[PDB]
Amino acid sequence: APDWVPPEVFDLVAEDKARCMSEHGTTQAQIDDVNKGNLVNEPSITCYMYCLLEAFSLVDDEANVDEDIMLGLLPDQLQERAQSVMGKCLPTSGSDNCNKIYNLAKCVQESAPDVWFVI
């Protein structure tokens, strides 16, 4: 992940990472690819992102981001940049929940590739 990610997040997500990878057939290799800017629209990775976001209430049942909860989780250092990115990329839109998260990731990647990551 990017160097700014708080160490605690790696432990906080561990339980849901395992569950979500199992549920969606996700490989660590796919995850490693999102982080190197190589995102593809395949449910095994896009629904995995949805799954992990939902675990932390970062999105609701229609894959709309909760900006407050997202800003809460992000370090103080990223507040300004993240708020700008959210302004540009939200609300989410797409045919289903996984597509909404794919579309969101692509939007964030355009301006701010280091703000999005997959764990």
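From 1 onward, residues are counted along the sequence shown.
On average, which has the higher Cα B-factor in the deposited entry, 74-82 or 29-37?
On average, C-alpha B-factors are higher across 29-37.
Among the chain's modelled residues, which third holds the C-alpha B-factor of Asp96?
CA B-factor rank for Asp96: lowest third.
Would you mind ranking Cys51 by its C-alpha B-factor against the rest of the chain and naming the third, lowest, middle or highest?
Middle third - that is where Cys51 ends up once the chain's C-alpha B-factors are sorted.
So where's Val59 on the chain's Cα temperature factor ranking, which third?
Highest third - that is where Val59 ends up once the chain's C-alpha B-factors are sorted.
Using the temperature factors of the C-alpha atoms in this entry, rank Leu12 within its chain: lowest, middle or highest third.
For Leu12, whose C-alpha B-factor we compare with every modelled residue in the chain, the answer is the middle third.
Give the position of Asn103 by CA B-factor within its chain, expressed as the lowest, middle or highest third.
For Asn103, the deposited C-alpha B-factor lands in the lowest third.
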